[PDB]
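*Asks:* Sharing a structure, written as structure tokens. Questions coming.
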Ligand SMILES: [Ca+2]
Ligand SMILES: [Ca+2]
Ligand SMILES: [Ca+2]
């Protein structure tokens, strides 16, 4: 991890970094499916 | 005599989509996985199978 | 006035959708037969296509039609617009997406139009039959006969209380706008196109751009491209992909509504 | 496909007397009861997709000439499977059939 | 002679008479099909019209 | 005989709507909807 | 997928004869036999 | 019964509630094209005529 | 590509199967039993009919 403050890491397995705006977009980006969960209602 | 109308399908083609139960006479839902369509000007999206 | 009927038909554009047996191998055609209705009492039918008839880029003109070849909406003078089933039918009128014709019985429905040396044909498999009126099974309407109440499709375009809905078009995929600049792929975005992209060259590189945006990846085969045109709307066919978010419920009248007449 | 000087798929050649003419394919029509949509042509052979009927006729315009020839051969429609359709559908069941090849080889 | 078959036909003219279904709505046309005769043995018919050929 | 406010009355007590006048059609038996005094052609 | 001396392989076990290469017909979904580099046009 | 007389039942010609069972079943699109196919029994009102 | 018939309507009874069939093309229905004798039937259905 240890990315910039405008980006959030995903998966916590390969330490890959994505921007925050790609939340609950419906596309499986990372290897783990944590990026499609905990989105807004 | 009836007339069955078909709305435009959604193609979210990297992942999966689900529907609710809309109130309509003889309403139908289905989800078909791994279609890989081909429009004009090449294939629709990159995600194979 | 003509523009009273043609008001909400100026706000929509033709589209390219799937047509079986367009040539011999079910290509994508600018004219695509959807929902031909054939339950009138004299063999008259109403065919809905994807092209636009009687509408230029400016004004309205009854001899001009509009269609698409790619992303450019092209207008062309109507010269030979033919409708045939098993013998060549004689068409009656045309307004927007809809053609009206008086056809002999058969099993196919064929439309076509020439622009230069092109053909642009589409053939759908719809069983159209001739329905006589009364207690005699004649095969063609006669010169002299007793008058009876028959239901037909009307000759005049008007509102008449029947509506269809248009929708904002979804993403249309174009691959001719992705080219390599020197060794890295470049996106050509014409005139506020808002071209989407999706690269998986080492990883996901999705985003929306509005101009230039020279992509820092190698091959043109590992990145998809789209095109967001929201100026004109389309009828929500079953052969077009839907939009992403909420799409507005538009309205569009059907020109040749069924009426009751004398046969 | 031959224009007496090479190979070009938009050309045809024929004889009017003892002189072997060569023209461009302008209106090559095949009709049975309705006009068919032809697929390919190679040498002596034309491939076409025709509706059923009792006659087969082809023709080509040389100048203002017509050049028609109508033979009497009964051609039918043969569906595949256990349903007797009269035109191939948009959707359904893929089944093995036997048809003439698109390719020239 | 070819002129012998047209001596009484120079005194005649075409005319406009009604016929159903030009397009959709039973025109008045220079071509008007009257008395189609089809009693031959190979599908050859003779059609009398209003125009002059 | 007077029709409604959204109807144009040609002759012989048959009236067509205001959307149907000056549009190259014969919606009345006297062709008053496409006459020279209304369309001005 | 090594084919013989009279067969041309497009991609992923798809073999066509050498006479089927550069003849204005796409016999492969890869379309390698009628490409810009293989045909030379 | 989907094929005889009551495939489509409506209380008034302008009514908003509709009864409809026409055995509408969706079908999988094939060979990579975007279209929505279906299969259903024909209208019994057209059969009653 | 060959056509697909509309699905038949199955109605059960005591040792009886009732099929309401509404074809759009002349469609073939062949049955047999899985016993010692099959007793096969074979017919082409053109009109909407009903068999037991
Ligand atoms: Ca995401
Ligand atoms: Ca008018
Ligand atoms: Ca080849």
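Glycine also receives a Cβ, built like all others from the backbone with ideal geometry; neighbour counts cover every protein chain displayed. Rule-based calculations on the coordinates, nothing more; no lab input.
*Asks:* Principal axis extents for the range I:2-52, Cα atoms only, whole Å, descending order, please.
*Replies:* Principal extents (Cα only, largest first): 34, 22, 16 Å.
*Asks:* Here is a follow-up. Under a plain spin-label model, where a point goes 7 Å from the Cα along Cα-to-Cβ, how far apart in nm are residue H:17 and residue E:37?
*Replies:* Computed distance between label sites residue H:17 and residue E:37 equals 7.1 nm.
*Asks:* Given a Förster distance of 51 Å, report the FRET efficiency between residue E:18 and residue C:249 from their Cβ-Cβ distance, rounded to the nearest 0.05.
*Replies:* Given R0 = 51 Å and the Cβ-Cβ separation, E is 0.55.
*Asks:* How high is the relative contact order of the range D:8-101, given as a whole-number percent (alpha carbon pairs under 8 Å, six or more residues apart)?
*Replies:* For the range D:8-101, the relative contact order is 18 percent.
*Asks:* Could you list C:97, C:197, D:44, H:19 so that the one with the fewest beta carbons within 10 Å of its beta carbon is first and the one with the most is last?
*Replies:* D:44, H:19, C:197, C:97
*Asks:* Oh, and also: With only alpha-carbon atoms counted, please give the Rg and Dmax of chain D, in Å.
*Replies:* According to the Cα coordinates of chain D, Rg and Dmax are 16.9, 53 Å.
*Asks:* Work out Dmax and Rg for the range C:172-235 from the C-alpha atoms and quote the Rg first, both in angstrom.
*Replies:* According to the Cα coordinates of the range C:172-235, Rg and Dmax are 12.0, 41 Å.
*Asks:* Can you put I:29, C:240 in order, fewest other beta carbons within 10 Å first?
*Replies:* The order, fewest Cβ neighbours first, is I:29, C:240.
*Asks:* How far, in whole Å, is the nearest Cβ of chain F from the axis relating it by rotation to chain G, and which residue carries it?
*Replies:* Result for the axis mapping F onto G: F:24, 28.
*Asks:* Return an integer: the convex hull volume of the alpha-carbon atoms of the protein assembly as shown, in Å³ per residue. Could the numbers behind the result be given before it?
*Replies:* Numbers: hull volume 224.3 nm³, N = 694.
Given the Cα convex hull of the protein assembly as shown, per-residue volume reads 323 Å³.
*Asks:* Give the calculated FRET efficiency between residue I:47 and residue B:31 to the nearest 0.05, with a Förster radius of 30 Å applied to their Cβ-Cβ distance. Could the numbers behind the result be given before it?
*Replies:* On the way: r = 37 Å, r/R0 = 1.22.
Computed FRET efficiency for residue I:47 and residue B:31: 0.25.
*Asks:* Which whole-percent values make up P(r) of chain E when all C-alpha to C-alpha distances are grouped in 10 Å steps starting at zero?
*Replies:* 21, 34, 35, 10, 1
*Asks:* Test of understanding: ordering B:10, C:128 by Cβ neighbours within 10 Å, fewest first, what list do you get?
*Replies:* B:10, C:128
*Asks:* Once the label point is set 7 Å along the Cα-to-beta-carbon vector, what list of distances in nm do you get between residue F:12 and its counterparts in the other copies?
*Replies:* Shortest to longest, the spacings are 7.3 nm.
*Asks:* I need the calculated FRET efficiency for the pair residue F:35 and residue H:46, taking r as the beta carbon distance and R₀ as 35 Å, to the nearest 0.05.
*Replies:* After rounding, the FRET efficiency stands at 0.20.
*Asks:* Any idea what Rg and Dmax come out to for chain C if you just take the C-alpha atoms, in Å?
*Replies:* 22.1, 79
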